[PDB]
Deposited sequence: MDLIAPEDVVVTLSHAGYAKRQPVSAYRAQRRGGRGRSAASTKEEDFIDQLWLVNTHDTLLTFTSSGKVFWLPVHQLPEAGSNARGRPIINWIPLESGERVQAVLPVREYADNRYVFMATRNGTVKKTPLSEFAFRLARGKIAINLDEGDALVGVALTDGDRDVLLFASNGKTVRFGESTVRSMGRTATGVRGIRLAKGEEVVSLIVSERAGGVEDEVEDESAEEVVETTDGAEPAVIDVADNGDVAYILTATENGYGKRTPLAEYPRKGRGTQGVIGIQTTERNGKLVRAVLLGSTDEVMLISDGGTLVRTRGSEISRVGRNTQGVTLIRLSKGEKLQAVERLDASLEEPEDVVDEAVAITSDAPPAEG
């Protein structure tokens, strides 16, 4: 039969930051897995931590530290197997000194009733219609105006129906409806999100359904899964409730992330130690808790990052 639909493509981003695309059938046929209930590596090998199934004509909407947005057409990415590494995504993102890539959002069209939701390091949020992002410029655009010393930390796509959760470094978390934040333009500063205790910052944005586990992990390698349903509505602007204890043992929160049911998680130290497990291997405890060890660190070694992979569908 004469089938005409173009095959979808898997786009991947590695932890070091190489970007690649591959026809999803070749991606599926080359899957070998094998590798166990958990794994640990000392090699500092690169590994993939982002995977999106997309149309070849789609665009990756890419957001910066400094509140800028760039457009990366998926078709520009190189085609290659699990054997070739691809190209630095920063080949498309002119970063200033110290500026970071913060979010990569696939987009097919700039529909209304879709939004970009942004969270800032100082506790500020904004909601911009996706349609404001429709016309690309090679040199980028403002996505959010930042106050001095502020940084863009989290970005997510929403349909208008989502709850948003913000997580600070002392473990404090709010949860509120996205309808609570009126739409504003790319040039706006946005509005109150979480009232931060002195010296603390926002570390993660989570977008979820109206009131699934949330993984929190801590700088000294402690953490847990707690069901979404156990995070109560806690008002925008408020100081939040305890999402995880940030006890002297634990140290500061490194990340909070919403896990899909089949997700792999990876934990990366600042000494280049890597552990991989399935999310469903991580202990489930309640929110106002210290959690359990899930990476044992040596002297002056901290958990640097927590990544998540859905390689399923």
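Of the deposited sequence, the ranges 212-246, 349-370 have no C-alpha coordinates according to the record.
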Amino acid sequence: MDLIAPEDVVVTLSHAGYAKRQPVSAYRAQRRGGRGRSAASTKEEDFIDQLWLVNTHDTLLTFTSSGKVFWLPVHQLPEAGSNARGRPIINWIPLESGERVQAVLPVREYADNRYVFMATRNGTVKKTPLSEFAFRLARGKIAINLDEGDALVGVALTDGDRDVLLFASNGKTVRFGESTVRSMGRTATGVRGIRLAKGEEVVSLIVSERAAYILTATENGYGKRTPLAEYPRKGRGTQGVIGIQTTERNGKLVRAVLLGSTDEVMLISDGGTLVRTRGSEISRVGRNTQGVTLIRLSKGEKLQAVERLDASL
From here on, numbers count along this sequence of modelled residues.
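For the segment pair 119-127 and 235-243, the entry gives 235-243 the higher mean B-factor, averaged over Cα atoms. In this entry, the higher average B-factor at the C-alpha atoms falls on 191-199, of the pair 191-199 and 67-75. As recorded in the PDB entry, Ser97 shows the highest C-alpha B-factor of the residues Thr180, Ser97, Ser183, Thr173. Comparing C-alpha B-factors across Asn288, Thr59, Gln50, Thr62 in the deposited entry, the largest value falls on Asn288.
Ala305: CA B factor in the middle third of modelled residues in this chain (values from the PDB entry). When all modelled residues of the chain are sorted by CA temperature factor, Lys224 is found within the middle third. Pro106: CA B factor in the lowest third of modelled residues in this chain (values from the PDB entry). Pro88: CA B factor in the lowest third of modelled residues in this chain (values from the PDB entry).
Annotation for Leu166: CA B-factor lies in the lowest third of the chain's modelled residues.
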